[PDB]
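First comes one chain, alone, set out as structure tokens in the form deposited in one PDB entry.
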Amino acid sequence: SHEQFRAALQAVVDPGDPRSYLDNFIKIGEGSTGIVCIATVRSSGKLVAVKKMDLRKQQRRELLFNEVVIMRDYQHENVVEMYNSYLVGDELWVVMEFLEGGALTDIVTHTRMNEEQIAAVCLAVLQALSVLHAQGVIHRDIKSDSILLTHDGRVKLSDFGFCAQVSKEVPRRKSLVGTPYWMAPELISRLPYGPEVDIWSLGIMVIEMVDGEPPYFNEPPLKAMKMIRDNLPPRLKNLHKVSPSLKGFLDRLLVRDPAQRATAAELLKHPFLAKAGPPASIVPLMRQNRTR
């Protein structure tokens, strides 16, 4: 019953209607759970983003609860700040920070990132992931689309709609969740899994940043998963174009056996990350500075 779920949700969200203090909604994007508008706080002129998820157009609508679990409990500097959540009509609305340097997908699609810039992205995702993983939270949809930048070039994780939680009582997850190309093979094999699955997907994102797209991006989703499961770790299209120090890094990420994969915390001490630049090194890549 759609109505029963709307009622369940009302019990966990902030009361009211944000359209009472917001002005001039403009669509800026779409995910798989919903769309993203920006609005203007009416009194102050600050901008915010509002994530709009229709309750009737979800694969599993119980995952919508993840938005509020994360907003309540797992806020952190390398994670998007989510301010309030409402039930509006038949939609859930999350008001959050507007990350105005946009998504990393736009950068990888049109640009050639260098290793200083790649290393800064990787560092900041791994800061986030170690902290989350230590609390047993697995993100489960790591990809360029999930990484947002501020105008001044600081990297934050987004799109926690598919995340899940592990612990002594529930030590592994079993669900088939994410975006096919970035899925870890243990996950595709339906092994029970842990946070190691985010480390694999980060690798795939490294390859995004190096090659421009993930492995097997030309096959339909179903066939490429078969491919990930069977064949060995995918190779850079452009192996010759990467320092041995970054090959050394990717090699610790794209391990098929989850037990021998690196952890977010171990990978923080890997030498490839010493090359990380500041935030400012990423600013040139953004569409508003790229051609200028």
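From 1 onward, residues are counted along the sequence shown.
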Going by the entry, of stretches 68-76 and 91-99 the one with greater average Cα B-factor is 68-76
Which is higher in the entry, the mean Cα B factor of 183-191 or that of 196-204? 183-191
Which has the highest CA B-factor per the PDB entry: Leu55, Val36, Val48, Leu239? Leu239
Entry-reported Cα temperature factor of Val108, expressed as the chain third it lands in: middle
Among the modelled residues of its chain, the C-alpha B-factor of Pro18 falls in the third labelled lowest
Check where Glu116 lands among this chain's C-alpha B-factors and tell me if it's the lowest, middle or highest third. middle
Where does the C-alpha B-factor of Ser1 rank in its chain, lowest, middle or highest third? middle
Compared with the other modelled residues in the chain, in which third is the CA B-factor of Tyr86? lowest
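Although not depicted, the form solved in complex with a partner chain is the subject of the following passage.
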TL;DR on 36-44, 258-266, 244-252, 59-67: the one with heavy atoms within 4.5 Å of the partner chain in the entry with it bound is 59-67
The unique member of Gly178, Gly153, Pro195, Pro185 whose heavy atoms fall within 4.5 Å of the partner chain in the entry with it bound: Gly178
Does any part of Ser158 reach within 4.5 Å of the partner chain in the entry with it bound? Heavy atoms only, please. no
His133 versus the partner chain, in the entry with it bound: is there a non-hydrogen atom within 4.5 Å? no
Are any of the heavy atoms in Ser144 no more than 4.5 Å from a heavy atom of the partner chain in the entry with it bound? yes
Look up in the entry with it bound whether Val50 has a non-hydrogen atom within 4.5 angstroms of the partner chain, and give yes or no. no
